[PDB]
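Presented as structure tokens, the chain that follows is alone, the form deposited in one PDB entry.
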């Protein structure tokens, strides 16, 4: 039997002086078995003997400290699992999944302690896990800036906070492991849950392995959310308005859209219609013009002519090279005039609906019928599945080492390649989401202000008639009226403020309407702006210019990581 522990560090804040001042571990399966202490050597002496699986929330962070120690106490990075070495899975993007510390072997069997990221299983802050999973959480936090020299003694209150953090996550992990969700990541749990229901044998045949060449081509057609500000509202304080968003955008598409499967057939030129293979990805080159009355939908990245975040009113005298799904292209043909179109090549796929039916209604049932923890875990299964079909088969890692200056650096290791899952499915799921949002926006063209992925922001407070049929606050894939606002200011993409109408229901501040409301609530959405800076935003100062030197930046230094204060400015 292999033991699991929930762990945490607290650490100092000086660049010149970065160390652990307290540590905690708790047996996930026996919360009475735990220890708080003030020494890394002591923690790490234990790490090297428990021969168990450890979890930290945000392994990226405690990890820098762990590897700084390992490197100064006789360990080296090795992918081959030798004695006195450590292996890691750290992605190209600097996301941390594992630290495997090998001590040796008894017979064939490895003797080691593996450290994981509980954030990868439970992707929220600890405070929120507590609230949502109905677990005990203390209000407030440890005083972060506070002088703590070597041999600082942990106070009773800090012991309290440290014990509570590790317990919140112990209790949560355990509920998850008990539910069957034992894999490394929330995403791995979903996909395994989905494979379980359709069976591995069928999965392999319905979702075959494409070559790296084809996968890369399918991937040129893989895009995310539609994020668009109607430019007539740009940097202009408006009055009343309202926000609708879809109920579970992605699962909604998975439940009922025509989605691709099986071994694709490659074609040259322009796709020719085929009932048996009715979905396709088409490579074209063309010019185009937005028609009057229509929202733009063509966004061109990775070219020296745009400006990859703009949705374009026109191709501006240049030939646009793009790989598109048939959903993209059908929308695009209806919003634009496309001309001088060169149809190069493409793949076509067979298709069906309800490949995800059994999965989705299983966990939706579990969601509708359960409270707190299990309810959350059921949301987690539903929402973590689709992202995972389009997994990049390039798993080239990052390898840690100590730079000559005592701090932790990173080099890219060898090219590694895993088998492609089923990237076309990812292409179409997100294609359908976009179509859903854009056609709703366009139906409300005379009122639209903004969209971001699953949201449409409209002027005025009455529900528009074209939308009235597909609006319901609960039904999957329908639009829910989630808020109404008194006034708003949209600066650019992912950058807006709203004064939301709220009201008191059971003494709680919950969204209301303009013939209801008891109160207003200021709300700041602004990518890259950390919550402390948001408090400084007001309606008057929220504009290109706004700048505050209050932004934490984590920097590598000898010993570990330290948050340093940086500036955030709207440019």
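Residue numbers count along the first chain shown, from 1. Only the largest set of C-alpha atoms that superpose within 1.5 Å between the two forms is called the rigid core.
The stretch 141 to 149 shows the higher mean C-alpha B-factor when 373 to 381 is compared against 141 to 149 in the entry. Relative to one another, 508 to 516 and 65 to 73 have unequal mean CA B-factors, and 508 to 516 is the one with the higher figure.
Each of 181, 467, 312, 407 has a CA temperature factor in the record; the biggest one is found at 467.
For residue 159, the recorded CA temperature factor ranks within the lowest third of the chain's modelled residues. Among the modelled residues of the chain, residue 8 sits in the lowest third by CA temperature factor in this PDB entry.
In this PDB entry, residue 536 carries a Cα temperature factor that places it within the lowest third of its chain's modelled residues. Remark: residue 54 belongs to the highest third of its chain, ranked by C-alpha B-factor as recorded. Ranked by C-alpha B-factor against the other modelled residues of its chain, residue 280 falls in the lowest third.
In what follows, reference is made to the form deposited in another entry, a form of this protein that is not presented.
In the core-aligned comparison between this form and the one not shown, the C-alpha of 420 is the only one from 426, 477, 187, 420 that shifts by 2 Å or more. For residue 411, the Cα coordinates differ by 2 angstroms or more between this form and the one not shown after the core has been superposed. The Cα position of residue 276 differs by less than 2 Å between this form and the one not shown after fitting on the rigid core.
The two forms, fitted on the rigid core, differ between this form and the one not shown by 2 Å or more at the CA of residue 161.
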